[PDB]
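Below: one structure, written as structure tokens.
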Amino acid sequence: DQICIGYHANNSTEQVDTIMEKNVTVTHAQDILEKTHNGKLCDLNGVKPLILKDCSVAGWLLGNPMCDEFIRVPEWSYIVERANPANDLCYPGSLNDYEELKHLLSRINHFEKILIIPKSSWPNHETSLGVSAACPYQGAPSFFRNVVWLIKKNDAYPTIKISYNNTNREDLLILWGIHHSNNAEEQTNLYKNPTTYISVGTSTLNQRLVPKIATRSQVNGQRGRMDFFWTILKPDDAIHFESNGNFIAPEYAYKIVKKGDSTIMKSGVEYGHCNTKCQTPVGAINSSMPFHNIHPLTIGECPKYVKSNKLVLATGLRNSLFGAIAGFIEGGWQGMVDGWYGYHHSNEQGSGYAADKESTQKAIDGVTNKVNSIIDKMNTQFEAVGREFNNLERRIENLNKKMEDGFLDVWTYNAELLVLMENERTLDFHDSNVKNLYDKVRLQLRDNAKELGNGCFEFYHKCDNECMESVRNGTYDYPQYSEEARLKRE
Amino acid sequence: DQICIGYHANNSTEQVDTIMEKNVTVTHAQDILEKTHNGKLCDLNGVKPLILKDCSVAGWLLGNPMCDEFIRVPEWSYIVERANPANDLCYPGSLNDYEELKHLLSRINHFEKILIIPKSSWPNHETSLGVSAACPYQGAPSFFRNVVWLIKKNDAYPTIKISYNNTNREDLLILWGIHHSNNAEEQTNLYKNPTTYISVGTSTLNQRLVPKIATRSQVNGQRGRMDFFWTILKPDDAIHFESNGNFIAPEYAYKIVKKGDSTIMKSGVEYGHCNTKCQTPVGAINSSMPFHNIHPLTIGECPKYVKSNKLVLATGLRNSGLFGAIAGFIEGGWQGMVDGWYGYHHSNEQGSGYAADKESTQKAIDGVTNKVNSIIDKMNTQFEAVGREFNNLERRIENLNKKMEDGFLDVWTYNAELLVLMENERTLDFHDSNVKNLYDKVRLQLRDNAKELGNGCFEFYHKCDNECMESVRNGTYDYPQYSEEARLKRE
Amino acid sequence: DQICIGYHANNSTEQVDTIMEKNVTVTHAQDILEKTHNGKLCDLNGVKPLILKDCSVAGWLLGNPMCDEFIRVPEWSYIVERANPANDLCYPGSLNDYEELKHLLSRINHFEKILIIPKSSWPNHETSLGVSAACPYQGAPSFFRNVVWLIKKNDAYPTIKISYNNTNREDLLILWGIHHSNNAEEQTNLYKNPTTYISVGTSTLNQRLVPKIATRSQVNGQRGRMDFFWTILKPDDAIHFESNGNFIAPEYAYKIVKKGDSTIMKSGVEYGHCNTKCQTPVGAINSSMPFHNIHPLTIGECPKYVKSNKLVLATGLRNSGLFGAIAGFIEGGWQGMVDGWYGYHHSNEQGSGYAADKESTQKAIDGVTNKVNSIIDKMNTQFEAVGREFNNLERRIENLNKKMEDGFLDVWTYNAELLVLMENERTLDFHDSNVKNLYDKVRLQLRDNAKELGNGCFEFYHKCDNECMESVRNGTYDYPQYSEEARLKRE
Ligand SMILES: CC(=O)N[C@@H]1[C@@H](O[C@@H]2O[C@@H](C)[C@@H](O)[C@@H](O)[C@@H]2O)[C@H](O[C@@H]2O[C@H](CO)[C@H](O)[C@H](O[C@]3(C(=O)O)C[C@H](O)[C@@H](NC(C)=O)[C@H]([C@H](O)[C@H](O)CO)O3)[C@H]2O)[C@@H](CO)O[C@H]1O
Ligand SMILES: CC(=O)N[C@@H]1[C@@H](O[C@@H]2O[C@@H](C)[C@@H](O)[C@@H](O)[C@@H]2O)[C@H](O[C@@H]2O[C@H](CO)[C@H](O)[C@H](O[C@]3(C(=O)O)C[C@H](O)[C@@H](NC(C)=O)[C@H]([C@H](O)[C@H](O)CO)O3)[C@H]2O)[C@@H](CO)O[C@H]1O
Ligand SMILES: CC(=O)N[C@@H]1[C@@H](O[C@@H]2O[C@@H](C)[C@@H](O)[C@@H](O)[C@@H]2O)[C@H](O[C@@H]2O[C@H](CO)[C@H](O)[C@H](O[C@]3(C(=O)O)C[C@H](O)[C@@H](NC(C)=O)[C@H]([C@H](O)[C@H](O)CO)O3)[C@H]2O)[C@@H](CO)O[C@H]1O
Ligand SMILES: *[C@@H]1O[C@H](CO)[C@@H](O[C@@H]2O[C@H](CO)[C@@H](O)[C@H](O)[C@H]2NC(C)=O)[C@H](O)[C@H]1NC(C)=O
Ligand SMILES: *[C@@H]1O[C@H](CO)[C@@H](O[C@@H]2O[C@H](CO)[C@@H](O)[C@H](O)[C@H]2NC(C)=O)[C@H](O)[C@H]1NC(C)=O
Ligand SMILES: *[C@@H]1O[C@H](CO)[C@@H](O[C@@H]2O[C@H](CO)[C@@H](O)[C@H](O)[C@H]2NC(C)=O)[C@H](O)[C@H]1NC(C)=O
Ligand SMILES: *[C@@H]1O[C@H](CO)[C@@H](O)[C@H](O)[C@H]1NC(C)=O
Ligand SMILES: *[C@@H]1O[C@H](CO)[C@@H](O)[C@H](O)[C@H]1NC(C)=O
Ligand SMILES: *[C@@H]1O[C@H](CO)[C@@H](O)[C@H](O)[C@H]1NC(C)=O
Ligand SMILES: *[C@@H]1O[C@H](CO)[C@@H](O)[C@H](O)[C@H]1NC(C)=O
Ligand SMILES: *[C@@H]1O[C@H](CO)[C@@H](O)[C@H](O)[C@H]1NC(C)=O
Ligand SMILES: *[C@@H]1O[C@H](CO)[C@@H](O)[C@H](O)[C@H]1NC(C)=O
Ligand SMILES: *[C@@H]1O[C@H](CO)[C@@H](O)[C@H](O)[C@H]1NC(C)=O
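Chains as they are written, first to last, in UniProt numbering: chain A, 17 to 336, 347 to 516; chain B, 17 to 336, 346 to 516; chain C, 17 to 336, 346 to 516.
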């Protein structure tokens with residue numbers, strides 16, 4: 017002789033945060049943040065990266081004799097470099113526009129080394145005495161591999177005139193250099209002429225260099241210096257050289273065969289023989305969630321980065347404002363396993379739990395729609411990129427550093443605020459549905475039943491399981507049971 | 017004998033989107049996105065722009081013999097330049113700090129050309145014979161028109177000392193240059209002196225230049241090069257020149273008569289003899305909408321730019346919820362309902378007809394109207410993109426500039442879309458509650474004198490004419506006077 | 017017989033704004049925007065700042081004879097410098113990499129000046145004739161105090177070879193310079209040799225300089241120029257000099273003893289004897305509010321800067346979707362009620378008095394405060410502006426810097442105003458729901474023993490005293506015990 021309505025409860029212990037409350041327990045939830053990595057360096061889509069162990073970019077390109085296992089390299093997906101490489105320019109000096117060169121290296125996937133000037137093209141100079149103790153090889157003085165140090169022969173240094181014509185179909189990378197001597201006497205011992213120069217000219221290049229003879233402090237046990245330069249040669253251009261002395265000549269060059277997407281990564285983790293689709297300087301990520309907090313700089317197809325600790329979305333009602351879930355209904359039911367809103371009946375034939383599948387489905391579609399919307403709306407988000415600056419560009423370096431942290435905080439704020447508000451609306455949405463269900467039954471049985479305070483109703487007239495289906499379907503005939511009602515209400 | 021409550025509906029098919037639902041049909045809506053353009057270039061508030069057809073900025077300042085239609089130029093509003101101009105420095109070379117000069121040129125709206133150093137000032141050098149085949153004019157050798165190339169006369173090149181003292185009350189722009197020779201023999205053929213120099217000095221400038229002699233590849237048929245420099249002279253300063261050879265001397269200069277706001281646009285569209293108030297590289301914009309999606313770079317008064325495809329607001333009821350009235354115990358709207366969003370249908374014995382609830386429609390009208398205005402005002406301040414240029418060796422800075430401007434357009438696009446989704450959700454429920462409140466207001470006044478059907482209508486126990494049913498819509502329904510009569514019929 | 021329902025009211029006149037409506041009057045509201053400053057410069061945390069009165073950073077480091085008040089300085093917290101320092105570089109010239117030096121100075125809190133090259137280490141050269149009328153001192157020619165201008169003694173200028181080794185366990189700052197003559201004749205008078213050079217070399221430095229001789233315009237009273245350079249010498253490193261003319265030798269250097277956080281401020285305000293925790297160029301702020309609108313650039317712990325004019329958070333309900350309770354079906358509030366926000370008034374035969382409801386006012390107060398704290402917590406991290414300087418030929422980079430920090434301020438301003446406007450709308454709803462939810466509880470329990478009247482209160486046909494009728498606030502009522510006589514009470 018009773019019909020009652022309620023909601024479904026379970027053993028869940030998930031907890032979400034709203035604007036006005038924290039640690040609220042819900043029946044069903046799913047996390048959307050990734051916090052784990054494998055702690056290794058692994059292949060990107062089946063292509064091994066290029067790992068420069070203890071060499072800088074300059075040491076590899078100029079051919080530092082100490083680390084020369086990189087004489088020939090296959091294709092690479094990205095470049096890995098340590099924080100402070102040990103083997104760099106061995107003879108003290110510098111490389112002009114070092115940072116601008118490394119920006120070019122981030123868009124190249126393959127190099128090919130070719131020989132452009134054989135050593136036989138220096139008949140009137142000495143090509144075998146350019147060794148130095150600052151660049152040792154197996155305990156003996158040596159020098160760089162891709163360049164030649166020319167000194168006088170038979171007490172003379174005739175002027176040099178040479179040219180190269182690019183006949184390939186790709187661009188070339190060329191490097192040369194100049195030497196700064198110590199004193200006037202040392203200048204004549206190496207190159208006979210007392211005043212020297214170097215001039216280089218292409219279709220867009222025009223240069224002249226003069227040595228600086230002065231006194232400097234010892235670096236690696238030497239007081240001399242060497243400066244290096246580079247350029248890109250077009251497929252049908254030519255380059256011309258001319259010098260009197262202090263010249264470091266090119267021997268080998270690089271062809272740019274494949275152009276693509278890559279990065280230079282600073283890390284110290286070991287190679288681990290894997291395959292993956294997302295890589296970070298601290299490890300690899302394998303997940304399908306839309307957010308992660310591992311590291312700001314990544315390569316590949318990755319989830320977006322936020323500086324958060326947790327991000328949980330609620331997909332169920334409050335576990336056990348229209349005042350229905352908390353009030354008029356003390357708590358949920360464990361017996362109603364199937365649905366989310368349902369009925370409980372008390373009858374002479376028996377009792378049981380029944381669920382309203384129609385209203386249950388409407389809620390599932392409504393919330394699943396919302397969840398897929400949050401993933402979509404955050405598709406476009408700031409992606410960090412690495413840039414480098416030298417010691418006299420501190421102003422620009424600071425400007426770059428603040429711009430990237432500025433966007434990181436904006437998107438972290440947006441993600442955290444969005445989760446908080448949608449966790450609140452979901453809980454109100456579930457509450458409203460149960461309130462509307464209560465009214466639907468109430469309007470049908472206008473006077474044939476009385477309210478019992480809680481969700482239950484007690485019937486004036488006697489009925490069996492049949493008209494239980496009538497009320498829940500809405501097919502309750504008020505005039506049919508109009509009699510047997512006034513008699514009870516005596 | 018019977019009264020009922022309902023809401024207004026029509027035949028519109030406009031659709032909007034909320035956070036929880038998509039393709040929801042509404043009675044009324046509003047669009048806030050502009051997606052059309054003229055496809056032409058027009059005057060900005062009545063000032064014609066300056067079109068450099070196949071001529072670069074450098075080819076216009078230094079007078080390239082081909083770009084001779086720009087000798088005299090009136091006032092302009094903005095400058096239009098093609099992507100890859102054909103006519104540029106004809107003789108091979110470069111212009112120092114080209115990008116910084118273009119940044120300065122974006123704040124100037126008029127110029128005037130004056131003759132600072134007449135050609136009679138050089139009586140011991142050859143003013144003619146400075147032509148070349150790299151700069152042709154009507155099939156004959158020529159040279160830049162705003163500078164002069166000086167060559168030896170009578171096998172001698174005396175040293176030059178000259179000065180100019182600004183007295184025009186406005187700033188001046190001056191250009192000069194140096195020539196690099198091919199070989200040693202060429203140097204003596206033209207200038208007669210083996211070693212040369214150029215020195216220029218002002219209150220803030222101290223410069224010395226030396227030619228470089230080397231072998232270079234052919235460009236435009238010539239292996240020589242020419243480099244040019246520029247400076248700005250304050251209203252009462254002076255400039256001093258001294259040279260031994262290889263000197264390209266100034267002849268004309270520009271006065272900065274007018275200053276203001278301008279820009280340089282890269283486009284290929286054609287002039288349309290029209291007028292406008294907003295201009296984009298792809299066309300002009302006529303609209304009053306808050307947002308647009310034509311192009312990120314604009315000039316003039318313009319709506320804000322977003323990278324979206326549709327933005328529709330909702331200002332009406334859902335057409336055929347949280348408060349369970351619009352689609353709950355009220356099944357649907359009334360087609361015959363006009364003159365009001367919410368109202369009552371009356372069906373007494375004297376007659377039957379519809380009616381409208383005044384002062385319930387009006388509050389909803391005022392409520393939604395203020396919501397729209399607040400959204401427009403809150404988005405007045407938005408990031409505006411501006412063009413900048415960098416050379417081949419500034420790739421790191423150029424990359425940094427591009428990422429900054431794309432980052433801000435992503436943020437503001439996210440803000441605009443989120444606001445529209447949320448306010449649409451509130452508006453739908455705002456209409457839902459107002460119907461529910463009206464339904465409850467009648468139920469309390471009526472009390473037990475009527476029996477509620479359960480569909481949104483009430484059936485009167487006591488017979489009541491249009492006068493007392495008008496009193497229900499007054500809210501002056503007098504329960505006691507009809508209370509006793511309804512009793513007897515109740516049984 | 018009567019027990020009505022109502023809500024608390026007072027005489028407040030605070031106003032808040034929502035999305036739907038502006039100037040809503042509420043009982044209690046907070047303010048979270050600070051708008052006052054003292055207008056003086058104070059000590060940051062008990063450390064007085066360094067105030068350069070009429071000098072520049074260059075004038076202080078290279079001792080300008082006028083700026084002799086700053087010969088020895090104590091530890092500072094930040095540096096104050098006027099807009100256009102009058103005393104700067106008495107002898108016309110320039111300082112190389114000026115802006116990069118100032119950026120380095122922003123992370124230093126203390127210097128110590130030491131002597132490295134005594135005057136006695138210059139025999140065979142003249143050390144007392146290097147004075148000029150451009151640096152006047154007490155109306156008699158003088159020169160910078162940290163460098164020496166060397167002139168020929170007898171009629172010769174022997175070459176110089178000097179070296180210094182850093183053995184101080186701390187980094188050093190060293191300055192030197194070169195002099196550009198006016199004429200060949202003037203060159204021989206000061207230094208006998210006609211062709212000169214300067215060579216400087218460290219572990220990471222390799223430089224060579226040559227004078228430029230030309231005619232220039234008069235700045236101050238002189239046509240000569242001087243160029244100065246600087247470097248940082250790491251511990252256990254040496255610097256080597258060599259020249260034969262036009263050399264401005266170092267005499268004093270600065271040690272870097274304390275590193276930390278500092279800044280350089282462009283202000284014209286005056287020093288007042290006070291200490292603070294936040295400092296702006298306009299004044300000092302002393303408050304606990306979350307936001308402020310004084311100035312973008314600050315130092316110390318400070319509220320976040322926004323560009324708004326008013327940020328008021330509503331905390332109490334309005335004073336005399347929308348659940349119909351507060352403004353409808355309950356006309357106005359109660360002035361007499363003071364104990365809580367919501368409560369029950371009663372009128373028994375014995376007397377009439379107001380009462381209060383706990384567990385309801387408690388949850389409303391608990392809810393509102395949690396919302397306020399979460400707003401403040403969510404704004405913990407926000408963009409903070411820093412100062413940077415660029416010279417005259419870096420206009421593109423300077424414009425880029427301005428647009429970036431302007432864009433971030435508009436983004437964070439938008440978030441603050443949007444967050445407030447939405448929570449104001451939600452809060453006024455929250456009180457409305459509580460009023461109606463209470464009304465359901467009382468109506469539900471008195472199912473038929475009471476006759477609802479529609480004004481918010483119930484009339485019991487039945488009679489019982491304060492022990493029972495008031496016993497309904499506790500939530501305990503026995504329907505059966507009073508059902509019989511209520512049923513027997515019929516007409
Ligand atoms: C105290 C003293 O004078 N000692 C002499 C040695 O010089 C000392 O040791 C070297 C390592 C430096 O630290 C010196 O500063 C120091 O005083 C001297 O060794 C030779 O000194 C000369 C000085 O100019 C030079 O450094 C020599 O360098 C070589 C080298 O690297 O070993 C020799 C190479 O063959 C040569 N390569 C050529 C010719 O292409 C170069 C070249 O000389 C310079 O690099 C040019 O800049 O490097 C160094 O060996 C010793 C003689 O063996 O005599 C000691 O009395
Ligand atoms: C050597 C050969 O096979 N051909 C000779 C011509 O040179 C060839 O054609 C020219 C266009 C270039 O491509 C050369 O590289 C090529 O070998 C030669 O023509 C003259 O060549 C000289 C080379 O220096 C020079 O280019 C002359 O060009 C002019 C010019 O630009 O038009 C002539 C002008 O009158 C002169 N102007 C002044 C102020 O004197 C300029 C100027 O001297 C230079 O630009 C300075 O850098 O040069 C070109 O006519 C031909 C005649 O000698 O002989 C062919 O055998
Ligand atoms: C009309 C005329 O010719 N007047 C001569 C004076 O020059 C005039 O006034 C000076 C201030 C300048 O404005 C000149 O451009 C102007 O014509 C001349 O005064 C001296 O002129 C010389 C050369 O032009 C030089 O500036 C002198 O400057 C001094 C100074 O400041 O007083 C003199 C110092 O002793 C000297 N210091 C050293 C270390 O030598 C420097 C000087 O600048 C150095 O030579 C470095 O450049 O400063 C200036 O007094 C006057 C001399 O008798 O003759 C007038 O006929
Ligand atoms: C580099 O080699 C190219 C390629 O052969 C040469 O330029 C050629 O010049 C000849 C002369 O008429 C012509 O075949 C073409 O103008 C060029 N060749 C091609 C295939 O286009 C020249 O030797 C060098 N070019 C430069 C610019 O130095
Ligand atoms: C440019 O000429 C003007 C006008 O002669 C110079 O300005 C001053 O003019 C007054 C007026 O007689 C005189 O004191 C001098 O002729 C000038 N004095 C000064 C201090 O400049 C100006 O000198 C000239 N420009 C320069 C820098 O030489
Ligand atoms: C500055 O002087 C110090 C102390 O004399 C020098 O350091 C010594 O250098 C020599 C030669 O390299 C070594 O044998 C000593 O062991 C060093 N002593 C110490 C305490 O480091 C230093 O080299 C000098 N500076 C320079 C760059 O010449
Ligand atoms: C929420 O619950 C977790 C789990 O114990 C706890 O660590 C955290 O402090 C709680 N937060 C609050 C505000 O109680
Ligand atoms: C990623 O994780 C999934 C789930 O365990 C697994 O099936 C897949 O093999 C993993 N891929 C890699 C490359 O580790
Ligand atoms: C909404 O309507 C658009 C346009 O008619 C259609 O392309 C889209 O698939 C619809 N979305 C859904 C969820 O039906
Ligand atoms: C711009 O649009 C309006 C209508 O929006 C139209 O009346 C007007 O003629 C158009 N052209 C100009 C120049 O305003
Ligand atoms: C309706 O109410 C108004 C009071 O606002 C009154 O003036 C008017 O006479 C009423 N109409 C009828 C028919 O009673
Ligand atoms: C709200 O009231 C203030 C106080 O007088 C007034 O300045 C402001 O204009 C009012 N705003 C509106 C929208 O009425
Ligand atoms: C700021 O104001 C408070 C409260 O009036 C006061 O106690 C405090 O001393 C003030 N701070 C300073 C630095 O004067």
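The C-beta atom is built at its ideal place from N, Cα and C for all residues, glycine as well.
Checklist entry - What does C/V436 touch in chain A if you count any residue whose Cβ is under 8 Å from its own? => result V436
Next on the checklist: With the cut-off set at 8 Å, would you say A/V322 and C/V436 are in Cβ contact?
Outcome noted: no
Item to check | Cβ-Cβ distance between A/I178 and A/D243 below 8 Å | outcome: no
Checklist entry - Out of A/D33, A/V89, A/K69, which has the shortest C-alpha to C-alpha gap to A/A102? => result A/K69
Checklist entry - According to DSSP, is B/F244 helix, strand or coil? => result strand
Checklist entry - Is it buried or exposed for C/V164, if we count other Cβ within 10 angstroms and need 16 for buried? => result buried
Item to check | Near-chain C residues of the stretch 228–239 of chain A (beta-carbon distance less than 7 Å), N- to C-terminal order | outcome: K228, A230, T231, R232, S233, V235
Item to check | Bridge-paired residues (DSSP) for residue 338 of chain C | outcome: Note on chain C: consecutive modelled numbers read 336 then 346, so residue 338 of chain C has no coordinates in the structure shown.
Item to check | ligand 3 heavy atom lying under 7 Å from the CB of C/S148 | outcome: yes
Checklist entry - Are the stretch 454–462 of chain A and the stretch 347–361 of chain A touching, with three or more C-beta to C-beta distances below 8 Å? => result yes
Checklist entry - Since A/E258 meets chain B, which of its residues come closer than 9 Å, beta carbon to beta carbon? => result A230, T231
Item to check | Interfacial residues, the stretch 60–88 of chain C to chain A, with Cβ spacing under 8 Å | outcome: none
Item to check | Proximity of C/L131 and C/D187 at Cβ, strictly below 8 Å | outcome: no
Item to check | Limits of the unbroken beta strand (DSSP E) element including A/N181 | outcome: 176–181
Next on the checklist: Is there a C-beta anywhere in chain C that falls below 8 Å from the one on A/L453?
Outcome noted: no
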